[PDB]
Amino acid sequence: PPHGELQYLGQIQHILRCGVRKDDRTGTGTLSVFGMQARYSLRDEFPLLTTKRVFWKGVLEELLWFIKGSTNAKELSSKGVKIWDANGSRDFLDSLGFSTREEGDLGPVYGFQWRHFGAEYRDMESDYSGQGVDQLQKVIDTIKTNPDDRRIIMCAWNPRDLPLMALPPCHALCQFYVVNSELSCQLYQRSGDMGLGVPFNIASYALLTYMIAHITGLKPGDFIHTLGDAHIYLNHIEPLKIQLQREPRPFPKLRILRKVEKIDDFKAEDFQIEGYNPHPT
C-alpha cells in the first residue's frame, strides 16, 4: 500500500531532475515538465496532501460556489474564501476593458460554463434558468442511466467565452468513469504550479468525485490528475527540496454527514475531514 502522496512528490522529484527553465507571463522563471499524470485512490481515503497544509476551507467553499453557478466573487469572498476577489476587483476589471461591469463580475468563469455552457453571458446577475447546457446535472444523470458511457465529460474551455473571462480556466475538462460500482474522475489541468495550486486541485476534484458518487450511490474509485505545463517557481526550488524529504502521513478521511440526494443541496456543514495531520512549516 505505497502512499498515494508519493506519486505527487515523485512528480516534483522529476521536475527537478528532468525539468527545464521556462518563463511565465510576468517574465518570472520556472522549472517545468509538459504533460504529467498521477492517480489517487479515493477508496476510504481522501487525497488531502499532508506534506504541507492545503487550504481545505477554500477547496470546499469554492466548489460549493462553482455548483451554485455563481460568477460573482463577493459571493465567494462572503463565506471567508478571498481568493477570487483580486480578479473581480474594480481596477482589475477596468483594466481588461470591463469598465461597464459591477465589482465582483468575473465573467463566464467555471460556475457559468458548468451549469450553462453556451448561454449568452450577460451580467453576474442575469437569470440563466434553462439556458445553456447544464453539464454538472448532465454528468450526474448519465452516470445513473448509462454508467458505461465513455462521454461523461464536463468542460469549462469555451473558446468563445474566453476573452470575456477574468482569466482562463485551469481545469479545462474532466471525465467521469464508472466500473464495478466505482466512480472515477480524470481531470485535465492545462497548467499547474506543483507547489501551491495542484495540491488544492487534487483536493477539489477528489471532493467533487466524493459528492457525485454519494448522489448516485457509487464508491469513489480513483482520481487521475493529468497536467500540461506542470511547473515550479525557481525561487521555490529550495522550499520544495526541504519538502520532498518529508514523509507523507496517512491521508485523512472525508465523511459526508446527512444523506444528500441532489448536488445543489450539499452544504458545507455536510462534510467532515478527519485525521488530517499535515507537516507544519
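Numbers for residues come from their place in the sequence shown, where the first is 1.
* Can you let me know which of the two, 85-93 or 166-174, has the higher average C-alpha B-factor in the entry? => The entry gives the higher C-alpha B-factor average to 85-93.
* To do: Between 231-239 and 65-73, point out the one with the higher average CA B-factor as the PDB entry records it.
  => Comparing averages over the C-alpha atoms only gives 231-239.
* Asked: Per the coordinate record, which of the options 213, 36, 224, 244 holds the highest CA temperature factor?
  -> Most elevated C-alpha B-factor of the set, per the entry: 244.
* Of the residues 149, 102, 141, 193, the one carrying the largest Cα B-factor as recorded -> Highest C-alpha B-factor among the listed options: 102.
* Asked: Split the chain's modelled residues into thirds by Cα B-factor; is residue 128 in the lowest, middle or highest one?
  -> Highest third of the chain for residue 128's C-alpha B-factor.
* To do: Divide the modelled residues of the chain into thirds by Cα B-factor and specify which third, lowest, middle or highest, holds residue 160.
  => According to the entry, residue 160 has a C-alpha B-factor in the chain's middle third.
* B-factor third for the C-alpha atom of residue 200 within its chain -> Middle third - that is where residue 200 ends up once the chain's C-alpha B-factors are sorted.
* Asked: By its CA B factor, does residue 78 count among the lowest, middle or highest third of the modelled residues in the chain?
  -> It belongs to the highest third of the chain when residues are ordered by C-alpha B-factor.
* residue 40's Cα B-factor: lowest, middle or highest third of the chain? -> Lowest third of the chain for residue 40's C-alpha B-factor.
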